[PDB]
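Chemist: these are from a larger complex, still in place; more later:
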Amino acid sequence: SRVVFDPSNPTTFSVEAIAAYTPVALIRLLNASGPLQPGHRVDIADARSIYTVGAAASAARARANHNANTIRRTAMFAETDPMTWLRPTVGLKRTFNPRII
Amino acid sequence: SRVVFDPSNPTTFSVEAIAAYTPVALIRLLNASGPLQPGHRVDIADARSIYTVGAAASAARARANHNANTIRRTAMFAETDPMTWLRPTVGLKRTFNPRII
Amino acid sequence: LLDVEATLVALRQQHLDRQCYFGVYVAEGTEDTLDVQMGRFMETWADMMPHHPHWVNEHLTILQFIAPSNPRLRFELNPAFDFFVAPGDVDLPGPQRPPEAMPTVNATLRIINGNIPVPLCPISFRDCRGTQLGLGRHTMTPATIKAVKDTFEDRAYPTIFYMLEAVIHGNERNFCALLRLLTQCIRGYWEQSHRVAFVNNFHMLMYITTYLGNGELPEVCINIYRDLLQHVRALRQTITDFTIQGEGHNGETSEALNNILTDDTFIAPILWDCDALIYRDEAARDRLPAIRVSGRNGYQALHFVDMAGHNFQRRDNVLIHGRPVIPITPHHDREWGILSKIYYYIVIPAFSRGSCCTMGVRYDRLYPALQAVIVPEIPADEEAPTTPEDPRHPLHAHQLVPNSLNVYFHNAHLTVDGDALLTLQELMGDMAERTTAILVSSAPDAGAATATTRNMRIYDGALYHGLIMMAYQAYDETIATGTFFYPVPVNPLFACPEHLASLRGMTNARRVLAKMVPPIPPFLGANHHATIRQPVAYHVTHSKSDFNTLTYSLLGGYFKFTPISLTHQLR
């Protein structure tokens, strides 16, 4: 489990399983008392970066859940087309709403 | 009971039991005649301050009743967090309504 | 005009003693990030100032400057040179601490005719020359003037804009993806106080005009942006108009032979992509160039950086944000650099009036803060709420938890939907490691390059992935001071006597010391060796005529003083 007290506990392996809102609520209730005996001698700010990439994974999970109704996005620039010889290509301004039905 | 006529009667012990609106109605209907024989030789203005802390306790009771639907308040300033090392901390502007449902 | 060898010899013959070599010494970087070097420079520049500088007292009138009590009078000999004293037998740049040596006389070159001291060239004459330049050229409307003035003078600018601009770092693949959030936030900020946002970065308003230029925004903000762009273009056109065309030497042609705003050897104060460095190294190719990027000489450009491997701690590595459409290639065209220089060196100083500053960011602290999104799940076959009064809205108290992004947005008092906040996950594709410093140096131009001036060298510093703050306020307790930014100003113009309060370990002594002299670290450039010097800063901070006239006067002052540029100007 993710226990920020013992620095060896929190890792991106468990953060992905956790939801998006609960970790914020989780970190909120945890006390300031952190055991100084365990500690990453490996630039603990990497565990910070580990916390970042874990939060990105949790956000990616919530985004995939929201994508059930979202419209598939396309390229917003030109020059990106398999066969441009048939007809030209243009981008698209993302000024829509993902709601479908 | 709380009888402001005899100054030894009114005390914060009984004001807590009294509600918030009734003491205002209580004081209004009492007559001006105060028996001069009983009296606090202990700076009667302390009984005035005793009347204040009693009213503050009565108001505290009314808020606890009102707190059934209100939202829990948080810190409005920064630098107040158990583990600021993970992520920064910001305050909150109390510009909401306590109505929930 | 350039036979100063005998004069320098004669000056060195006579005995003169002097101290306080602060504004004449240049150093290098010890590969720290920014902060250790900043603190070391603070302590040194504090305890290494025996006397007061002589280039800082530019308030004297012509009478006082001529009076025989003036100490810097004997060194005012040539109008195109600057004679100062510096520790001899040292090489520039050198070590971090200046070694003790015997002081000798050295003479640099006044590249700009505006670098003449104010006691010799007054401000009224400059304003009159500017109003003679701007006879019937394009001007700005009082509405736009008032709007941009209020935006520059406002101290309630939300830090969410700084955070958004920092995480965008000026890339089209980011702008076009976040276009949904940006229009909403801009309209929301505007229809609360009648103020236009995102005026810090140059690579924001052209993107605005190009993408949101069809009626997405109201007819007022787009008009203000168009007016600003038109003013910049009119300035550039005037630079073209006031020179003769049809001649070019081994280096660049008439344009940068005459002016500096059209020069490629000169660089903007803020760098987002490495195309300017390519243009710089490919333009001159004659004057011996040198680049110091945090230690080793020579920069290493690479493509976009993934999310997994970011490596916040690095050395000698610069990004280009990938490509929108293997060797590196310039991102934009050439005149983009000219427009950026014109903007940053004319319109920003004319409006800020020495109030803005430049700072560095901390992505290692910023990124973990932006990864807290509490957008709620939308029910199937349902619609999303637009107003924040219902609990379903992301901006509701039911979904407002401390230490998140929604509390940031509420404190800013904005209204956003869910997909805009979700686009941040796609923004997380590209990354920004850190902001860094660049020290470039080159010989004088071939217009004045003679057998002795080639030994002289100019030094100027610039920031990569930096930031420009308009008005810093230390009275905001909602966010700790120095949570994401730290001042690192290197300019006599972009100096900030008040933004230093955000730096850790600041005392009243250091504050009053920096209140007089502009704090600039020696590894970022010295005043007597840089191009922009104290006279222009004093002029822009003490002149009170107008905004259009001030811009045109600054443009007129931004001209070269070479015997070749004179052949253009006199003609």
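Modeler: Nice, thanks for sending it over. Numbers count the residues shown, from 1 in each chain, chains lettered A, B, ... in the order given.
Chemist: mind listing what's buried in stretch C:512-527?
Modeler: Within stretch C:512-527, the residues that count as buried by 16 or more other Cβ atoms under 10 Å in any protein chain shown are C:514, C:517-527. C-beta coordinates here come from the backbone N, C-alpha and C atoms, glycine included.
Chemist: contact partners of that stretch?
Modeler: The contact list for stretch C:512-527, computed with Cβ atoms under 8 Å, 6 or more residues apart in numbering or on different chains, reads C:22-29, C:37-38, C:41-42, C:45-46, C:49, C:52-53, C:55-56, C:93, C:96, C:437, C:439, C:459-461, C:488-492, C:495, C:497, C:500, C:533-534, C:537.
Chemist: Got a quick PyMOL command for the buried subset of these?
Modeler: The PyMOL selection below is limited to those of the contacts of stretch C:512-527 classed as buried (16+ other Cβ under 10 Å):
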select buried, chain C and resi 22+23+24+25+26+27+28+29+37+38+41+42+45+49+53+55+93+437+439+459+460+461+488+489+490+491+492+495+497+500+533+534+537
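Chemist: before we move on, back to that, please identify which of the buried residues of stretch C:512-527 is nearest to residue C:208.
Modeler: Distance to residue C:208, by Cβ to Cβ, is smallest for residue C:524 among these, at 31.2 Å.
Chemist: if I look at that closest one, how far off is residue C:21?
Modeler: Going from residue C:524 to residue C:21 by Cβ to Cβ, to the nearest Å gives 16 Å.
Chemist: Residue C:421 now?
Modeler: 53 Å.
Chemist: got the residues of chain C near chain A?
Modeler: Residues of chain C found near chain A (Cβ under 8 Å from any Cβ of the partner chain) are C:172, C:176-177, C:179-180, C:183, C:211, C:216, C:307-308, C:310, C:312-313, C:324-325, C:364, C:367-368, C:371-375, C:377-378, C:380-381, C:383-384, C:401-404, C:418-419, C:422, C:424-425, C:428.
Chemist: Which among those count as buried?
Modeler: Of the residues of chain C next to chain A, these count as buried by 16+ other Cβ under 10 Å: C:172, C:176-177, C:179-180, C:183, C:211, C:216, C:307, C:310, C:312, C:364, C:367-368, C:371-375, C:378, C:384, C:401-404, C:418-419, C:422, C:424-425, C:428.
Chemist: Counting neighbours, what do you get for residue C:154?
Modeler: For residue C:154, the neighbour count with other Cβ atoms under 10 Å in any protein chain shown is 12.
Chemist: right, and it touches residue C:199 too?
Modeler: No. Here residue C:154 does not reach residue C:199: they are 11.0 Å apart, not a contact under Cβ atoms under 8 Å.
Chemist: Quick check: neighbours shared by these two?
Modeler: residue C:470.
Chemist: any chance you could map the helices in chain A?
Modeler: Using DSSP state H, the helices assigned to chain A run over residues A:12-15, A:21-29, A:45-66.
Chemist: Deepest in the core, which of the ones you listed is it.
Modeler: Stretch with highest mean neighbour count among the helices of chain A: helix A:45-66 (a mean of 18; mean count of other Cβ atoms under 10 Å in any protein chain shown).
Chemist: How far off centre is that one?
Modeler: 4 Å (Cα atoms, centre = their mean, to the nearest Å).
Chemist: And residue C:260, how far from chain B?
Modeler: 41 Å (Cβ to the nearest Cβ, to the nearest Å).
Chemist: need the residues of the stretch 51-200 of chain C near chain B, please.
Modeler: Near chain B, when you scan the stretch 51-200 of chain C using Cβ under 8 Å from any Cβ, you find nothing.
Chemist: The stretch 51-200 of chain C: helices as residue ranges?
Modeler: C:62-66, C:123-133, C:142-153, C:159-168, C:172-175, C:179-193 (DSSP state H, counting those that start in this stretch).
Chemist: would you put the C-alpha positions of the first one in CSV?
Modeler: Written as CSV, here are the backbone C-alpha positions of helix C:62-66 (Å, rounded to 0.1, in the frame of the first residue of the first chain):
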residue,chain,number,x,y,z
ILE,C,62,25.4,69.3,-17.4
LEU,C,63,26.7,71.9,-14.9
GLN,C,64,27.6,69.3,-12.3
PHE,C,65,29.0,66.9,-14.8
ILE,C,66,31.3,69.7,-16.2
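Chemist: include chain D too:
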Amino acid sequence: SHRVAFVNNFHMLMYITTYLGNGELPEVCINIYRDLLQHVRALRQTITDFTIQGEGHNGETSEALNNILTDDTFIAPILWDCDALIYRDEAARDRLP
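Modeler: Same chains as before, plus chain D:
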């Protein structure tokens, strides 16, 4: 009545500009407050502009040696916190207080 309020205390309009400076109020009252603050800052800048900088004696700086509004020995007529007393006792430290 088209009137601004809370002008008696100096520790009210600063708080107003710092907190209610996003658009909570109409664009008129916040503009009035910003104009007042700008006038105060302009006077402060004028004081510095009308003196020569770069010299200081055993006491305060040139600013306080020339003018009084920039002096710490002087005190405001109304005090809400005791930081002014700390600043006053710390600034002079020479004249017998």
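Chemist: Revisit the neighbour count of residue C:154 given that chain D is now included?
Modeler: Neighbours of residue C:154 (other Cβ under 10 Å): 16.
Chemist: gap between it and chain D?
Modeler: 7 Å.
Chemist: Leaving out sequence neighbours, find the closest residue to that residue.
Modeler: Leaving aside its chain neighbours, residue C:154 sits nearest to residue C:195 (6.5 Å; criterion: Cβ to Cβ, 6 or more residues apart in numbering or on different chains).
Chemist: In chain A, which residue sits nearest chain B?
Modeler: residue A:32 (3.5 Å; Cβ to the nearest Cβ).
Chemist: Got phi/psi on that residue?
Modeler: Per-residue torsions, residue A:32: phi -80, psi -20 (degrees, to the nearest 10).
Chemist: go on, the one 10 residues further on?
Modeler: As for residue A:42, its main-chain torsions (degrees, to the nearest 10) stand at phi -120, psi 40.
Chemist: Show the contacting residues for residue 84.
Modeler: You didn't pick a chain, so chain A it is. Going by Cβ under 8 Å, 6+ apart, the list of residues near residue A:84 is empty.
Chemist: Chain C is the one I meant
Modeler: Residue C:84 neighbours (Cβ under 8 Å, 6+ apart): C:24, C:55, C:75, C:105-108, C:528.
Chemist: Now do the SS call for residue C:437.
Modeler: Here residue C:437 is recorded as strand under DSSP: H, G, I helix; E, B strand; the rest coil.
Chemist: I figured residue C:337 was touching residue C:264, is that so?
Modeler: Yes. Applying Cβ under 8 Å, one finds residue C:337 in contact with residue C:264, separated by 6.9 Å.
Chemist: re the thing from before, give me the nearest residue to the residue of chain A closest to chain B, chain neighbours excluded.
Modeler: In space, residue A:32 is closest to residue B:82, 3.5 Å off (Cβ to Cβ, 6+ apart).
Chemist: Then residue C:102?
Modeler: According to Cβ to Cβ, 6+ apart, the nearest residue to residue C:102 is residue C:88 (5.4 Å).
Chemist: What's the local residue count around that neighbour?
Modeler: Close neighbours of residue C:88, defined as other Cβ under 10 Å, add up to 12.
Chemist: next one: phi and psi at it?
Modeler: Dihedral angles for residue C:88 - degrees, to the nearest 10 - are phi -80, psi 170.
Chemist: picking up where we left off before, confirm for me that the residue nearest to residue A:32 is in contact with residue A:31.
Modeler: Yes. Using Cβ under 8 Å, residue B:82 is in contact with residue A:31, at 5.6 Å.
Chemist: who's more crowded, these two?
Modeler: residue B:82 (16 against 8).
Chemist: Contacts only, for the more buried one.
Modeler: The neighbours of residue B:82, taking Cβ under 8 Å, 6+ apart as the test, are A:30-32.
Chemist: now do residue C:108
Modeler: By Cβ under 8 Å, 6+ apart, residue C:108 lies in contact with C:81-82, C:84, C:456, C:458, C:528-529.
Chemist: Quick check: phi and psi on residue 7?
Modeler: In the absence of a named chain, this looks at chain A. According to degrees, to the nearest 10, residue A:7 has phi -60, psi -20.
Chemist: wrong chain, I was asking about chain C
Modeler: Dihedral angles (degrees, to the nearest 10) for residue C:7: phi -70, psi -40.
Chemist: and the closest residue to it other than its chain neighbours, how many neighbours does it have?
Modeler: Leaving aside its sequence neighbours, residue C:7 sits nearest to residue C:77 (Cβ to Cβ, 6+ apart; 6.3 Å). By other Cβ under 10 Å, 13 other residues sit near residue C:77.
Chemist: Distance-wise, check whatever residue of the stretch 51-200 of chain C ends up closest to chain A relative to residue C:324.
Modeler: Closest to chain A within the stretch 51-200 of chain C is residue C:176: 4.5 Å, counting by Cβ to the nearest Cβ. Residue C:176 sits 9 Å away from residue C:324, taking Cβ to Cβ as the criterion.
Chemist: Thanks a lot, catch you later.
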